[PDB]
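Form deposited in one PDB entry, single chain, as structure tokens, below.
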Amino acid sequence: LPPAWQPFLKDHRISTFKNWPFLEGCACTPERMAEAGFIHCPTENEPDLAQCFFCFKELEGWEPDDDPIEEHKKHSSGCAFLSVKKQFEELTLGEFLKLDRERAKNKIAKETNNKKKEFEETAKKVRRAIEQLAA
């Protein structure tokens, strides 16, 4: 299988979970995280960081009683992955192609929003500097 669509595979998502806290006993296990579409992408700041592979919503501050699916609908309710009630290899090619398409769109919107924020913060610094010059 191509490296690009591995995130669609639950077993692969589980694998990303390296030194994940919260194991047996907790509702937010790696297996339940992965089931919910989450991937482990730990920083150094927050080695607690989980990201949906489909909508790219990033969540941290995970609580052991948190239901991953429930944390997921709440924070990213429009995510199409949540509506997929089918296992991967039972997916139709048309259905899959159409999902991978929306995921690609989801990725751009996230990158686009990030760029917008960086630009706006840069703009605010410039303005401030110029305001200060007038004085």
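Only residues modelled in both forms are compared. A residue's number is simply how far along the shown sequence it sits, counting from 1. Definition used throughout: the rigid core is the maximal C-alpha set that superposes within 1.5 Å between two forms.
**Q** When the Cα temperature factors in the entry are averaged, is it 22-30 or 102-110 that ends up higher?
**A** Higher of the two, by average CA B-factor, is 22-30.
**Q** Would 44-52 or 91-99 have the larger average of its C-alpha temperature factors, as given in the entry?
**A** Taking the mean B-factor of the alpha carbons in each, 44-52 is higher.
**Q** Taking the entry's C-alpha B-factors for this chain, is residue 67 in the lowest, middle or highest third?
**A** Middle third.
**Q** Among the chain's modelled residues, which third holds the C-alpha B-factor of residue 134?
**A** Middle third, going by the recorded CA B-factors of the chain.
Absent from the display: the form deposited in another entry. The rest refers to it.
**Q** When you overlay the rigid core, is the Cα of residue 126 off by 2 Å or more between this form and the one not shown?
**A** Yes; that C-alpha moves by at least 2 Å between this form and the one not shown.
**Q** When the two are fit on their core, where are the runs of 3+ residues whose C-alphas each shift at least 2 angstroms between this form and the one not shown?
**A** Three-plus residue run displaced between this form and the one not shown: 120-135, uniquely.
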